[PDB]
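We've got the same protein chain twice here, in two forms, each standing alone as structure tokens: structure 1 and structure 2.
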Structure 1
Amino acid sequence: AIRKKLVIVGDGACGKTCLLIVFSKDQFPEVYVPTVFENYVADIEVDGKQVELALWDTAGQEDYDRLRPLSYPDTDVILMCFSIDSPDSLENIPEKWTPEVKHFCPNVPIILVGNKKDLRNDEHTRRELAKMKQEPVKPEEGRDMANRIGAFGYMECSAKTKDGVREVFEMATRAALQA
């Protein structure tokens, strides 16, 4: 019966709600509602311990910047997200999310999470990306960004593939439990 609070942040449309929902309900948001404020809950077993994770979902749209301070107050772990089909979303990690998270949640551990790991090899994406001298984000890059911002760890996953999802939240819970 241990309680911890996890907050997810990142650019709009980078897959945060899908990751939370897929993890908390195994379902998958079909009708895509941009987020304003939501919270969910899930129970996770880690290293023998039962933990109840409160999952605070936030807006990626900058139009809602002023509401996000309302999710930070008692955070045990941050999932700081970008999307692998959007090297833009990655460059916003140091520019926007890391400065805000460090302001509101100093000393709160951060998991840097690359979402949509499946689309790394989808031509639709990988061609549009080529259409602008771009290409999906690469693990060395994600990992370098994680070292740069001081993250507790680096993790990659696909809500749709579902691959690695579980591993994102095990790592986050290990960080939450960390003194």
Structure 2
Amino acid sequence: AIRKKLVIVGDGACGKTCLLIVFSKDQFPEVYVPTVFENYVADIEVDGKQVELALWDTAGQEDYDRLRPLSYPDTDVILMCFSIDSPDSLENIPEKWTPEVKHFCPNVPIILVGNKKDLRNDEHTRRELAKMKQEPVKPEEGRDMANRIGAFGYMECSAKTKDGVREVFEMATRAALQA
């Protein structure tokens, strides 16, 4: 099994930490959801190829521009996350996160991931966003942002229900293996 490195980036409210926790346990915690994620090395077999995929979170580094880039060396794939319940988190993708990741991780594939997809049809979420003249991110808005930023692809998932989580990390593994 060859070793590859994955780093997840995005705003503090994008759900990145929960996504890594749920994938690494194959479970949404029933008793306690951890505040932080240290690291993990997942054994993944995708399309017949075995990989050890090291996983890293950037949570807590968003306000520290000299500490944060120390997470990027030798990254093989980036997950760039936004939450579907937060159009503000999607607005910070093209001109804050994208130029940083392209600078420190040249030629590394980026997969744009819409998190918390279970909230797209949640009445409480729709009522709260409507007060700021907002609505949950539509799938075409996510795809068009991915296309604009030069992403390898666009994917959606829900850490709460686990739907789409395995598929995101299997595709990240495939992207990490490409020349």
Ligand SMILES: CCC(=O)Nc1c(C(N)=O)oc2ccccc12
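Throughout, rigid core stands for the largest set of C-alpha atoms superposing within 1.5 Å between the two forms. Along the sequence of structure 1, residues get numbers from 1 upward.
The form solved in complex with this ligand corresponds to structure 2, not structure 1.
In a rigid-core overlay of the protein, residue 47 has its C-alpha displaced by under 2 Å between structures 1 and 2. Residue 58 shows a C-alpha shift below 2 Å between structures 1 and 2 [criterion: core-superposed Cα displacement of 2 Å]. Relative to the superposed core, residue 147 undergoes a Cα shift smaller than 2 Å between structures 1 and 2. On core superposition, residue 28 has its C-alpha offset by 3.6 angstrom between structures 1 and 2.
Lined up on the core, residue 113 has its CA atom moved by 0.3 Å between structures 1 and 2. Once the two forms are overlaid on the core, residue 123 shows a Cα shift of 1.0 Å between structures 1 and 2.
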